[PDB]
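A short worksheet on the structure shown next.
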Amino acid sequence: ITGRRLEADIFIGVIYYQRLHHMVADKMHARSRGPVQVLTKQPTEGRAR
RNA sequence: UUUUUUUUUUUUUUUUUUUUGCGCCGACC
């Protein structure tokens with residue numbers, strides 16, 4: 001941003017990095033209203049349902 | 001030549017508007 005030299009020598013290298021399956025696309029869940037359990041009349045369990 | 005039964009009136013149409021449970025395994029914080 002500033003374009004100035006950093007006051008410290010920054011350690012930089014090549015590191016093998018792995019992307020894991022824990023993605024936010026499969027983890028975001030939002031429920032307002034919907035299906036309920038027949039026995040307890042309470043909200044169901046799971047993002048799929 | 002012979003006894004021991006009783007008797008009367010007041011309630012209406014062809015018909016109508018969302019898979020629960022059981023157990024197992026892996027994994028995140």
Side-chain angles (χ1 to χ4, degrees):
Chain A
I1 290 145
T2 79
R4 270 133 181 125
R5 232 185 216 181
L6 286 182
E7 270 200 28
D9 285 46
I10 311 301
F11 179 74
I12 177 159
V14 184
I15 305 178
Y16 198 68
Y17 255 83
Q18 330 156 287
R19 168 159 200 213
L20 306 189
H21 51 218
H22 306 283
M23 282 170 270
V24 82
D26 309 312
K27 274 157 167 5
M28 171 160 93
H29 181 29
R31 149 120 175 185
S32 59
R33 255 185 242 108
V36 302
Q37 310 263 87
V38 188
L39 170 67
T40 61
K41 287 196 172 8
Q42 279 178 5
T44 48
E45 175 206 278
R47 193 184 87 141
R49 316 172 256 212

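Numbers restart at 1 for each chain; the letters A, B, ... are given by sequence-line order, proteins then strands.
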What donor-acceptor contacts under 3.5 angstrom involve side-chain atoms of residues 38-49 of chain A, with partners at least two apart or in another chain?
| from | atom 1 | to | atom 2 | distance (Å) |
| --- | --- | --- | --- | --- |
| A/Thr44 | OG1 | A/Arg49 | O | 3.4 |
| A/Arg47 | NH1 | A/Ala25 | O | 3.1 |
| A/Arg47 | NH1 | A/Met28 | O | 2.8 |
| A/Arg49 | NE | A/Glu45 | O | 2.9 |
| A/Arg49 | NH2 | A/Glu45 | O | 3.3 |

Show the atom names and distances, to 0.1 Å, of all donor-acceptor pairs under 3.5 Å that link a side chain in residues 1-19 of chain A to residues at least two apart or in another chain.
| from | atom 1 | to | atom 2 | distance (Å) |
| --- | --- | --- | --- | --- |
| A/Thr2 | OG1 | A/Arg4 | N | 3.2 |

- Note on the structure: Sorted by chain and residue number, the side chain to side chain contact (heavy atoms under 4.5 Å, CB included) partners of A/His22 (sequence neighbours excluded) come out as A/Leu20, A/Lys27
